[PDB]
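Structure first, then comments.
Protein chains: 2
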Amino acid sequence: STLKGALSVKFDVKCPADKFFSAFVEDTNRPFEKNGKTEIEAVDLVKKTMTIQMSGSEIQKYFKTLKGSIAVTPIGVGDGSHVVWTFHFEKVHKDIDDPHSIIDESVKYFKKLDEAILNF
Amino acid sequence: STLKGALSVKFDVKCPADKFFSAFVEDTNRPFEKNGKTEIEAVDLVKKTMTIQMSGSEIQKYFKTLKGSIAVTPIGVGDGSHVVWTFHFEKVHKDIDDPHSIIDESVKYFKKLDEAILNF
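Here the protein sequences line up with chains A and B, keeping their order. The numbering of the first sequence is the authors' numbering, which starts it at 1 and goes up by one. The numbering of the second sequence is the authors' numbering, which starts it at 1 and goes up by one.
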C-alpha cells in the first residue's frame, strides 16, 4: 500500500512509569481537537500499554485512520521512564506527509505532561 | 430503608499508589467468582478512585445490588498508600448481615495484591 504506515518515537521522561501512564490514560478523556473523538482499542494498566483511535474533522483531512499506541517502561528505580509512542495510519492519499510534525508535537505534549505531574 | 447501606474499611498497603491502583483496575478483568460479572461504573486514574458493580449467582443470594468503591491515596514519598474500600448495597431481605465476612476477604485480597506486586 502507498497509504498505510507507522511512525514511532522513543524518548525518556523523569516521572515513574505507573504515575506517568495513569496520568496519560486519564488525560485522554479530553479529545485532542474541538470535534475530536478518542476511542480506547486496547489497554493494559500493568504493562502500561494502550492503543487509541483518534478522529476529528481536522485529523481526517490527512488520515482516514489514525491510531496511537503508548508503551511506558521504568528505566531503573527512581530513574524515570522510557516512552515509546507510535502512530499507525492510513493516509487520505499518497502525497500526505508521514506525521513527523504531529509526532514531534506528541513528544512536546508528553514532556509537558511529565513536568506537570512531577511538580504537582 | 431496611435493606440499603454501606460498609467501609480503611487500611494501609506498602505499594505506591499509582502502581497499586493500576494493578487493581487491571485485575478486575478477572471476575471475582466463577459466575461473576464486574462492571466499571466510574474510574479516575489520577485520583485513584473507582466504582464497580459486582453481580453473579453467589452475590445475588444476599444482595440485590452490590457495588464496591476504592480510593487509594499516597501516605508520603515511597511510604506506601492508604486504601479506602467501600461496599454499597441493597440486601435481598432485612435479615441479611452487613457484609463483614465479605469485606474482611476484600482486605485479604488487597493485602495479597500488595505483596504480589511489591515483590515483582
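Beta carbons: idealized from backbone N, C-alpha and C, even for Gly.
Taking residue i as part of the beta strand (DSSP E), name the residues at either end of that continuous run.
i, result
"B:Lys47", "Looking at the DSSP string, B:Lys47 is not in any beta strand (DSSP E), and its letter there is neither H nor E."
"B:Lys4", "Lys4 to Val13"
Would residue i pass as a contact of residue j if the rule is Cβ separation under 9 Å?
i, j, result
"B:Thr73", "B:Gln53", "no"
"B:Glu33", "B:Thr65", "no"
"A:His88", "A:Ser69", "yes"
"A:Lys14", "A:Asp104", "no"
"A:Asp12", "A:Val83", "yes"
"B:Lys67", "B:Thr51", "yes"
"B:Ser22", "A:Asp18", "yes"
"A:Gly56", "A:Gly36", "yes"
"residue 170 of chain A", "A:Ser8", "Residue 170 of chain A is absent from the model: chain A starts at 1 and stops at 120."
"B:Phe110", "B:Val92", "no"
"B:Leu118", "A:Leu45", "no"
Tell me the residue span of the alpha helix (DSSP H) that contains residue i.
i, result
"B:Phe89", "Careful: B:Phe89 lies outside any alpha helix (DSSP H), inside the beta strand (DSSP E) at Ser81 to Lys91."
"A:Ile70", "Careful: A:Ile70 lies outside any alpha helix (DSSP H), inside the beta strand (DSSP E) at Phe63 to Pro74."
"B:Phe20", "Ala17 to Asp27"
"A:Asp104", "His100 to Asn119"
Chain A beta carbons: is any one of them nearer than 9 Å to that of residue i?
i, result
"B:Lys48", "yes"
"B:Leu45", "yes"
"B:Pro31", "no"
"B:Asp18", "yes"
So is residue i in contact with chain B if we call contact Cβ pairs under 9 Å?
i, result
"A:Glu115", "no"
"A:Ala23", "yes"
"A:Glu26", "yes"
Would you list the one or two residues that DSSP bridges to residue i?
i, result
"B:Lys37", "B:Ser55"
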